[PDB]
């Protein structure tokens, strides 16, 4: 059994949807942010939610599940692709970067909903050709559709990227998913053995380095005293196995299993100073500043859509009670 219900969230139209195990709220006007995810049996909120509307507009990438298209930093907001030079807005001034892409603060449309025995589906979409200021930066007819499906104890979260225009473009996507993470009593694991060396502008130097605590990181580890803003390489490309971040809440015995498909080659883990009571394990299809790295696509994860092409990148959050 499952439901959809129109609601108001902090003064903005939103869509609540779910079944007997999980309930989400997505806010289309807010970059199609999944702002709430609730485990029904334990009645626990999994995502960091904003206190007010204004606090969300203050930091719209630090609540819920923000959409990063493209994710993370582009040095100087500048890169070239097949001979052509692009300039994106430099919104991170101290480090002189473009940061976090075009979509986390724009209005998406609800294009459909569907309910059956196979779960409940909410689809949102945004056509970048309809955003004049985005066009000035990225003159391509990219369209992004999100397909959210709740089925049993999993939220599936699929992004379909389309080239409806006349020229090819490169693209990547990531999520700034912000989970509640009480430092004293939660554990975190990640499928990664290596991480990208970063400079003082948080841009990759191009080198990889071993994660020295990789065994604890695989198994599940506390993050007391650790401050993370780290670009990890998924171990999947090299070792196979799983591609996922796990959060374990020790009191209610909840495992949050955040899986991502093979396109998601990198995970940024960010917890600010570690005293903020949250954790963002952010799966990305491409590495920070991928557009500016002369390395193979199997490593950076850079992807290209030719005119008329589409790609679906898949990820999912499963709530296990144990």
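Residue numbers count along the first chain shown, from 1.
Averaged over Cα atoms, the B-factor as recorded in the entry is higher for 40-48 than for the other of 40-48 and 264-272. Relative to one another, 213-221 and 172-180 have unequal mean CA B-factors, and 213-221 is the one with the higher figure. Listed residues 254, 68, 65, 291 were ranked by CA B-factor as deposited; 254 comes out on top. For the set 120, 155, 231, 246, the PDB entry assigns the largest Cα B-factor to 120. For residue 125, the recorded CA B-factor ranks within the middle third of the chain. Only modelled residues enter the ranking.
Compared with the other modelled residues of the chain, the Cα B-factor recorded for residue 7 ranks in the highest third. When all modelled residues of the chain are sorted by CA temperature factor, residue 103 is found within the lowest third. Remark: residue 24 belongs to the middle third of its chain, ranked by C-alpha B-factor as recorded.
Per the deposited record, the Cα B-factor of residue 297 falls in the middle third when ranked against the other modelled residues of its chain.
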